Each structure stands twice: as structure tokens, then as C-alpha cells.
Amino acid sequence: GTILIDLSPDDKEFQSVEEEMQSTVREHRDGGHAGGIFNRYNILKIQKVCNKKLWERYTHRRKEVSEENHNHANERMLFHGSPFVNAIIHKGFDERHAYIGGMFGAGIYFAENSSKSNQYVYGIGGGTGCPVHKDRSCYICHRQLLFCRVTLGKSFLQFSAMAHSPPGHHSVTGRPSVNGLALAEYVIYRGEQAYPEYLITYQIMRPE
């Protein structure tokens, strides 16, 4: 059911997604071990992910959440990096895309910082890096991230340095409690609460 539509670099939509990607890069406490060393990206392509069935799955669940939370879906646009990106865009998010060992239990994790999601493109901890060169900081190989529409509903706040969401909540928020520059991370426990809106193809760029 999925089609991918290329956005032109001239399109205001391309430009606003690129800006969110670039402006949410930060330094990581691993010095770049997982995701590589970079301050910005080379954006090669941005595609809209269009799947009627998956869209309707997401909006159905969004209405349920909304109606459980005084007509407030608490919808965000967040990044997701995954070795399963090509399955997610065709079949949607589900229990197979969960981070079983994540800090907030088995769920599907999203980030405000694009560079945090970049650490997962080649797997947990960056895995063994790119398939071609076995390099977590590869500057040649093309990487992909998703920029996703995510329904948080009532989110349980965890202050901090598939399972079920906590009773009375639709999600968990991991609030950064030590690194003052880190943005929040989020976890949902139902795949229907995210839609993989944009597929972004990019390279990390070697600092000069």
C-alpha cells in the first residue's frame, strides 16, 4: 500500500523537515561512538510516506487517545532511527520494532534530537556501523531516519540520567535530568500511536 513521494528541495515542506533535522543535532556523551562524529548532515532526499491503511490506523487510535484525554492527542513530530526502517514504512510500527531493553521498558522509542535517533540507524549502540565499511562514523554511506507523527496522550514523566504504558497513561516521557543540552525522548507501547510521515536520506558530515 505504501508509495514514497519525493519532495523538491524548493518545497517549504522539505525545508522545514530539513531544518528540524539539522537544528536538533547535539553532542553525545559517548563522544560519537554510536552515531559518529558530526555537527550537521548532508540531506540527500526527503520523501513523504503515503499509505492510506496505515494513516487510518494511526488516526483511529489518535481519536481514541484524544477522547481519553479531554480531546487532546498531544501529538508531536519526532525522530526514529531503526534497522527496520524499510519494514516500518511498508507495514507500520508494531511490537517487532520495540527496543526490548530500553530505559523505559519494551516499547517503541522516539527522540526530539535527530542525532539521538541517528545512533540507532545501524542498530542498538550503532551495532557494527555501516554494512559496507563497518564504520559507525561512516561519512560515505547513505543513512535513513524517519520523522514521525506520534500521539503521546497523557504521558508519564520520568526524570532520568512490548510492555504496557503505566496505568492511566498513553506514553512515557524520558526527561533529561543530568545533561542540560539533551532533549526529551519518548516511548509508546502501541504501534498504532505513530505514523512514519517522512523518510529522510542523509549522510553525517565530517567536521572541518
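Between two forms, the rigid core is the largest collection of C-alphas that superpose within 1.5 Å. In case it trips you up, residue 1 is the first one in the sequence shown, and so on.
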{"property": "Which of 95 to 103 and 109 to 117 lies farther from this form in 9 other deposited structures of this protein, as RMS of C-alpha positions after a rigid core fit", "result": "95 to 103"}
{"property": "Higher-deviation stretch (C-alpha RMS, rigid core fit) in 9 other deposited structures of this protein, choosing from 168 to 176 and 141 to 149", "result": "168 to 176"}
{"property": "Across other compared entries, residue 157 missing in at least a third", "result": "no"}
{"property": "Length class of the unmodelled deposited segment, which would lie between residue 161 and residue 162", "result": "1 to 3"}
{"property": "Higher-scoring stretch by recorded Cα B factor average, 184 to 192 or 5 to 13", "result": "5 to 13"}
{"property": "Mean temperature factor over C-alpha atoms, higher-scoring stretch between 89 to 97 and 120 to 128", "result": "89 to 97"}
{"property": "Candidate set 144, 177, 173, 69 [ranked by C-alpha B-factor, highest]", "result": "177"}
{"property": "Residue selected from 62, 52, 26, 149 by maximal Cα B factor", "result": "52"}
{"property": "Ranked C-alpha temperature factor of residue 42 among modelled chain residues, by third", "result": "middle"}
{"property": "Among modelled residues of the same chain, the CA temperature factor third for residue 107", "result": "middle"}
{"property": "Chain third (lowest, middle, highest) by recorded CA B-factor, residue given as residue 166", "result": "highest"}
